[PDB]
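Notes follow once the structure below has been shown.
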Amino acid sequence: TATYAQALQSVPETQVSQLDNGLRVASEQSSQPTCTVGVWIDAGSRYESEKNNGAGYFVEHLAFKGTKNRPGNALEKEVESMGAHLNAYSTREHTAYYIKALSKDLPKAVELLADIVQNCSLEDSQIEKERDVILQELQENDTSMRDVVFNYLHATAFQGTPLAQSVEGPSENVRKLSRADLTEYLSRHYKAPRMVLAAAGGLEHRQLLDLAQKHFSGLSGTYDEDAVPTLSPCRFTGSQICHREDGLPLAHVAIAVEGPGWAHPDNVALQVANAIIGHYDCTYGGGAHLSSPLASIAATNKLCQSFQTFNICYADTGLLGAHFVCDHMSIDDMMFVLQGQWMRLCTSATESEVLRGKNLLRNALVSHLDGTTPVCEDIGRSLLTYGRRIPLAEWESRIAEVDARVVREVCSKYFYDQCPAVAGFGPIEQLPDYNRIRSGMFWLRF
Amino acid sequence: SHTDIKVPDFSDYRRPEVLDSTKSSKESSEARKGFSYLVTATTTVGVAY
Amino acid sequence: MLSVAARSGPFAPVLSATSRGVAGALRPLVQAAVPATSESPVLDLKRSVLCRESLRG
Amino acid sequence: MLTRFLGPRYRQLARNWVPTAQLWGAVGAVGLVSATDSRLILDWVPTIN
Amino acid sequence: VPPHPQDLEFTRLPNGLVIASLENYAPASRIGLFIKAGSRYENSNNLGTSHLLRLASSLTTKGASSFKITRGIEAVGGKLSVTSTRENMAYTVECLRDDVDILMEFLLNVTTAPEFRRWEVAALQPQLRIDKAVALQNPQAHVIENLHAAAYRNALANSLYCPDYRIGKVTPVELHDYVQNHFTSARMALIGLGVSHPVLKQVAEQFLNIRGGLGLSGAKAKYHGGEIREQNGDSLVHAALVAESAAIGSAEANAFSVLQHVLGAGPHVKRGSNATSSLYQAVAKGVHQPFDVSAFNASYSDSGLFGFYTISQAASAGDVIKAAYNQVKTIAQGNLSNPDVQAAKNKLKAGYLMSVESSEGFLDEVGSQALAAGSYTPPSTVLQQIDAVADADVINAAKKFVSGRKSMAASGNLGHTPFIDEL
């Protein structure tokens, strides 16, 4: 029987190959009869102006509504008739369109993906139906306290930078965005060196290549030159936005310090530290006995309904911290305990818990790369942010190296005596004053 | 619609070291905490006297 | 092609120690999110969706 | 009687608080010295007599 | 260059326990103990016992205290989760290869040596209410629970959630009785992923040799029919119309699965018109906007519920339902293509293969197979099984839906939601 360590070496190397465009085409062959193909693009909303904002989210809507070779609804009819699934997403920094389909179907899936990512038919009649659809989605998202808090958080931490914006854009932009606005944004961003065709499953890398030359030859070649800007850094500010509303029954709060971007090696230690603090929710079995002190004290004294630590990453910055949900009279204790753990970890982190963290992280990593879809997604994203595919063996080595000293050194650097970005919504009368939250980011013992 | 949620400009209040959206703030942090803390340290030395 | 729940349709709850309580088989909803006004709480006396024990670095 | 506090972790705890505890005692030391002057404990260095 | 695979090894022990394992050279492992113990084995005197049980996977066991279970598993970063359906209860445990042994031990302790101490069970009762409240915030969970209550007079009618009047009353003796009589060898299956057959086989012969409980798959689900209606004011009416279909494993079940795909299950395209969905286009044609439809298909050991589910504004419920029902009728009257069944076959097969893409998916599929059939049926033959479904088999299932005594559950402002009488 092979060991865990040995198994990490067994995962087939992700093969990377570049087209004469800038289009990277990468794959991880498995033995599965199913697969997942997709196009990851370096286009988000961190790339948008202000008047523009909402641009990509608007294209996502039109993306599967018709191409020039496949009109109004023909695309759907093809994807559906082969039993495939076509999905898509958009963050502040990434856009993706992926097809989840049978392995034989790889040729058509790539062909379809090309047609959508290049020959899109943003027909006036359709862009007009989508404005009504998007506005409703904005109305819907408003009822999600959690989505709101994270947008508030982004909006305050990144105050006057492009990162402060949301993906969907302001309602006024949704109703005024024109076809020209969308066409220009597509032209500026949907270009080869900023896209990666990724796949995973029962495919041979040569198929992917052939398909990529066959259906993607026709981008960046006779293109590029002037009008291709980079990304400017985004100042983190550290402040607070409170949206008092006693009508809602549970407070939502999200607090975070500025984290480093994707590239930085110290994300591993941050994740170990975050894993130790972990997450909680009112349906976890095991209450009082949970390892994480926050979790434990939260469940026993019922100081919350749920909480989760996060380490969000963007180009050269990020939001590192936690989010929680609770009754109006528990916001203070909840915070006190939350912050209690950061400092404890900043100052007195101990060896056993660090191993728990490392182990929680080894399981999260491996458990997440299970299935053509997450793996495919992983290939595409990685190449956009890392320029490589980081093999599990490397992440293992990076996790292995973390000990207590690292944890208390890396947490200190990002947490100890730094200003947080705080965002609150709901019954927040007892959300602590900023200064007090600020004063809980350091400790007088130490 | 909660997407219409602004964040009023504070340029009119921000220290100079933090006025540019174009750059980090991690740099001026040390100087900023430095200053504000030096002030309180000097004070305690004062009161101590 | 057994596995009643995945044969899609009948319900299947899950409890956990570290993960979260799930309730999740088949019926519509997904194409009511499209023709819309399919609200939802967010986080009214609840828990949390998507769940955790997934990550990276 | 009172020794559940023995073990790798407790030992680890102690070592993480050593630079701190030592530093803290020095505070109080210099503090006591300066408070009652260099006769009532600790004379020496650039200060008069 | 991926490594050449491995085949799943299967073994029925003479006491009826089944053991199945795949050695995928994965960094993690997965072990699940599948037990025929779902809510359908509860009766009038102990409803809810399987819920509380499902919530008690980490109470103290001989050999392992709660604290240990919780702290021991989290120390290697593994999981212990239990999931139930009306027929089975499945305890799965997951962790890296190097740690199977301890997880294996906790698994055995939870499923075969629970102590269910009076005080620990007392402290757990309120969880039934928190757990139940969280599941019930999806209008679907009410409806489907009411659907089964309405359709069956017996076993499958039981709810997967503890009835309110029992919260606080299920007793430690009722859990012990539920375990001694349902968690036995002849009703169990030990599936492994990332372990080896000898090890599972060893564990099974040493620890899973328990027997003295009940016997087969039931008291027998007697389908009866009828309808449950829950007035609500949710702005959206949820309704599900259903008839008796066919038991899982039978050829006829496959016909129903194919019918489900001719009519329409979930969506394939984000924010799509759902062109190949017979029900959807049929409702859409005469109903203008917020709405959803999907065929519904549930199949169990000795019965099956097939039909459709609808979500729509309160005043359009009648229209949505009537259009949906008429669409099925159209199929039952012969108006079915060949490329439609072909497309459905492709939607179903692609979906099945997709459903076992990952460990979690594969494992549950292997466990349920072990319980339902006592065999493991490879993807090749399942695809072959689906192909044998003829157009007439599909037509015949629709015809069976159209004329069978119906069952229905609906919640919302029911003022325009028809009664069956009126369908």
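Residue numbers (the authors' numbering), protein chains in the order written: chain A, 1 to 446; chain E, 1 to 49; chain I, 1 to 57; chain K, 1 to 49; chain B, 17 to 439.
Every residue gets a Cβ at the ideal spot worked out from N, C-alpha and C, and that includes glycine.
What is the DSSP secondary structure of residue 162 (chain B), counted as helix, strand or coil? helix
Relative to the alpha-carbon of residue 402 (chain A), which residue among A:350, A:426, A:103, A:203 has its alpha-carbon at the smallest distance? A:350
Please state whether the Cβ-Cβ distance between residue 205 (chain A) and residue 32 (chain A) is less than 8 Å. no
Of all Cβ atoms in chain B, is any one closer than 8 Å to the Cβ of residue 57 (chain I)? no
Starting from residue 346 (chain A) and walking both ways along the alpha helix (DSSP H), at which residues does that stretch end? 331-348
My guess is that residue 360 (chain A) and residue 275 (chain A) are in contact by the Cβ rule of under 8 Å, so how many angstroms apart are they, rounded? 4 Å
Within chain A, the residues that residue 284 (chain B) reaches when beta carbons sit closer than 8 Å: 76, 79, 80, 83, 84, 85, 86
At which residues does the alpha helix (DSSP H) containing residue 153 (chain A) begin and terminate? 145-157
Which of helix, strand or coil DSSP assigns to residue 67 (chain A): strand
Roughly how many angstroms separate the alpha carbons of residue 271 (chain B) and residue 394 (chain A), rounded to a whole number? 49 Å
Going along chain D, which residues have a C-beta under 8 Å from residue 13 (chain K)? You won't find chain D in this structure, because its protein chains are A, E, I, K and B.
Burial state of residue 304 (chain B), where buried means 16 or more other Cβ atoms lie within 10 Å: exposed
Nearest to residue 290 (chain A) by alpha carbon, out of B:80, B:87, B:171? B:87
Simplified DSSP assignment, three categories, for residue 51 (chain B): strand
Can you pull the chain B residues whose beta carbon is under 9 Å from the beta carbon of residue 461 (chain A), in chain order? This structure does not reach residue 461 (chain A), given that chain A is present from 1 up to 446, and the question cannot be answered.
Identified DSSP bridge partners for residue 95 (chain B): B:110
The alpha helix (DSSP H) enclosing residue 135 (chain B), as first and last residue numbers: 134-151
If the cut is a Cβ gap below 8 Å, which residues of chain A does residue 4 (chain E) touch? 170, 171, 172
Just how far apart, CA to CA, sit residue 379 (chain B) and residue 12 (chain I)? 15 Å
Buried or exposed (CB count within 10 angstroms, at least 16 for buried), residue 8 (chain K): exposed
Identify, in the order they occur along the chain, each residue of the same chain with its Cβ nearer than 7 Å to the Cβ of residue 432 (chain A), setting aside the five sequence neighbours on each side. 332, 335
In chain A, which residues lie less than 8 Å from residue 111 (chain B) when you measure between Cβ atoms? 363
Within 10 Å of its beta-carbon, does residue 117 (chain B) have 16 or more other beta-carbons around it, so buried, or fewer, so exposed? exposed
So, using beta-carbon positions, are residue 42 (chain B) and residue 26 (chain B) closer together than 8 Å? no
Anything in the region 7-20 of chain I with a Cβ closer than 7 Å to a Cβ of chain A? List those residues in chain order, please. 15, 16, 17, 18, 20
With a threshold of 16 other CB atoms inside 10 Å of the CB of residue 25 (chain K), please say whether the residue is buried or exposed. exposed
Apply the 10 Å Cβ neighbour rule to residue 45 (chain K) and answer buried if 16 or more other Cβ atoms are within range, or exposed otherwise. exposed
Exposed or buried, what is residue 20 (chain B) when buried is set at 16 or more other beta-carbons lying within 10 Å of its beta-carbon? exposed
Outcome for residue 267 (chain A) when other beta-carbon atoms lying within 10 angstroms are tallied against a minimum of 16: buried
In DSSP terms, what residue 241 (chain A) is bridged to: A:423
Hey, would you say residue 113 (chain B) sits closer than 8 Å to residue 45 (chain B), going by beta carbons? yes
Around the C-beta of residue 5 (chain K), are 16 or more other C-beta atoms found within 10 angstroms, so that it is buried, or is it exposed? exposed
Is the Cβ of residue 446 (chain A) closer than 8 Å to any Cβ of chain K? yes
Neighbour flag for residue 42 (chain E) against chain A, beta carbons, 8 Å: no
Under 8 Å Cβ to Cβ from residue 415 (chain B), same chain only, skipping five residues before and after it: list those, please. 348
Since residue 80 (chain B) sits in a beta bridge, which residues does DSSP pair it with? B:77
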